[PDB]
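Below: the structure, in structure tokens.
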Amino acid sequence: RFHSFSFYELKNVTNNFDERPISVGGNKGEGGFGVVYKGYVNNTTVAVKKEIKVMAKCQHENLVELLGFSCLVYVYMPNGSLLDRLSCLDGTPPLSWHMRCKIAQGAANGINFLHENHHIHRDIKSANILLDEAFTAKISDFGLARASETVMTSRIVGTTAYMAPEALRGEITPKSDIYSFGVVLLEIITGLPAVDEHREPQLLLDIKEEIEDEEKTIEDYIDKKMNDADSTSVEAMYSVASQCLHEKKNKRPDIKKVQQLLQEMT
Ligand SMILES: Nc1ncnc2c1ncn2[C@@H]1O[C@H](COP(=O)(O)OP(=O)(O)NP(=O)(O)O)[C@@H](O)[C@H]1O
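Residues 164 to 191, 193 to 214, 233 to 252, 259 to 337, 342 to 458, numbered by the entry's author numbering, are exactly what the sequence shown covers, in order.
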């Protein structure tokens, strides 16, 4: 299971917490809980950051593996996040439609495993979908995760732009994950971030209504940085997105349904 690390080995593996981007010769990614550095341990490139029983019960090919702690050490995901690859950050090639279908499938297989096992992720978003050497989807960051039995909470957590209305009111339910996934699927289709302040609309989930009021087609929104995207499977994916984004929790499909529809799309 989990290798217990001393801090001093971690320090030195990360070239003494070299905070420089790896693209410039360093070891640095960073989020709202810590900084993630590339490590070289024996010959195992790892990812080191600053729940564990969740990672201890939940192993799956579409979930990042926790290796160890001092704290947290992870299998290291070469290709970064889905958000950064959708953005083409640091000049990476745009993701093909074929590849985007596989990633959506893998991410749904990942969340399915979590729901079967009665967990609620609570922060499903494209930044929390990592990609290994082979671009296999790895759901990450189970710091907010909760075991399930719908309850409420005074400590509302998540990322605003991906959050279900009931998740923003303080309810806790896997149903919110489904909603967040629907926003991820929209990100995959259009290659647009869930929120852009200098955009209209600022919130990607708002395109559902532009489309429903047939003011726009999903075709207008399709990421133009692809040449392998057929109308039929794009609409098939959008349809699944739309269902996940039903503003009423009990109307959304469950993850088993989302999964079978994404497999049928392919
Ligand atoms: N296991 C990993 N392998 C490779 N990169 C990782 C791994 N875990 C995290 N990262 C990267 O480390 C950075 C920090 O991630 P994280 O601390 O989870 O913040 P975030 O998901 O971007 N936002 P939040 O989860 O709200 O704090 C991100 O840039 C990730 O791309």
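Just so you know, even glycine gets a beta-carbon here, dropped at the ideal spot from N, CA and C.
Residue j beta carbon less than 8 angstroms from that of residue i
{"i": "residue 373", "j": "residue 436", "result": "yes"}
{"i": "residue 450", "j": "residue 364", "result": "no"}
{"i": "residue 200", "j": "residue 330", "result": "no"}
{"i": "residue 396", "j": "residue 326", "result": "no"}
{"i": "residue 301", "j": "residue 390", "result": "no"}
{"i": "residue 317", "j": "residue 275", "result": "no"}
{"i": "residue 214", "j": "residue 196", "result": "no"}
{"i": "residue 284", "j": "residue 418", "result": "yes"}
{"i": "residue 386", "j": "residue 359", "result": "no"}
{"i": "residue 426", "j": "residue 377", "result": "no"}
{"i": "residue 453", "j": "residue 293", "result": "no"}
{"i": "residue 190", "j": "residue 177", "result": "yes"}
{"i": "residue 382", "j": "residue 414", "result": "yes"}
{"i": "residue 314", "j": "residue 379", "result": "yes"}
{"i": "residue 186", "j": "residue 278", "result": "yes"}
{"i": "residue 321", "j": "residue 267", "result": "yes"}
{"i": "residue 238", "j": "residue 183", "result": "no"}
{"i": "residue 420", "j": "residue 286", "result": "yes"}
{"i": "residue 192", "j": "residue 262", "result": "For residue 192, no position is available: the coordinates of the chain end at 191 and pick up again at 193."}
Simplified DSSP state of residue i, which is helix, strand or coil
{"i": "residue 209", "result": "strand"}
{"i": "residue 194", "result": "strand"}
{"i": "residue 402", "result": "helix"}
{"i": "residue 298", "result": "helix"}
{"i": "residue 199", "result": "strand"}
{"i": "residue 431", "result": "helix"}
{"i": "residue 334", "result": "strand"}
{"i": "residue 313", "result": "coil"}
{"i": "residue 170", "result": "helix"}
{"i": "residue 250", "result": "strand"}
{"i": "residue 322", "result": "coil"}
{"i": "residue 265", "result": "coil"}
{"i": "residue 237", "result": "helix"}
{"i": "residue 287", "result": "helix"}
{"i": "residue 307", "result": "strand"}
{"i": "residue 277", "result": "helix"}
{"i": "residue 437", "result": "coil"}
Whole-number beta carbon distance between residue j and residue i, since they are thought to touch under 8 angstroms
{"i": "residue 361", "j": "residue 333", "result": "At roughly 19 angstroms, the Cβ-Cβ gap does not stay under 8 angstroms, so residue 361 and residue 333 are not in contact."}
{"i": "residue 265", "j": "residue 211", "result": "7 angstroms"}
{"i": "residue 299", "j": "residue 323", "result": "Actually they do not touch by this definition, with Cβ atoms about 18 angstroms apart."}
{"i": "residue 250", "j": "residue 168", "result": "5 angstroms"}
{"i": "residue 303", "j": "residue 335", "result": "Residue 303 to residue 335, Cβ: 12 angstroms. No contact."}
{"i": "residue 308", "j": "residue 366", "result": "5 angstroms"}
{"i": "residue 400", "j": "residue 423", "result": "About 18 angstroms; that fails the 8 angstroms criterion."}
Give, in chain order, every unbroken run of the alpha helix (DSSP H) that is at least 4 residues long and sits entirely within the stretch 349 to 373. 357 to 360
Segments assigned alpha helix (DSSP H), at least 4 residues, entirely inside the stretch 377 to 422: 399 to 404, 410 to 413
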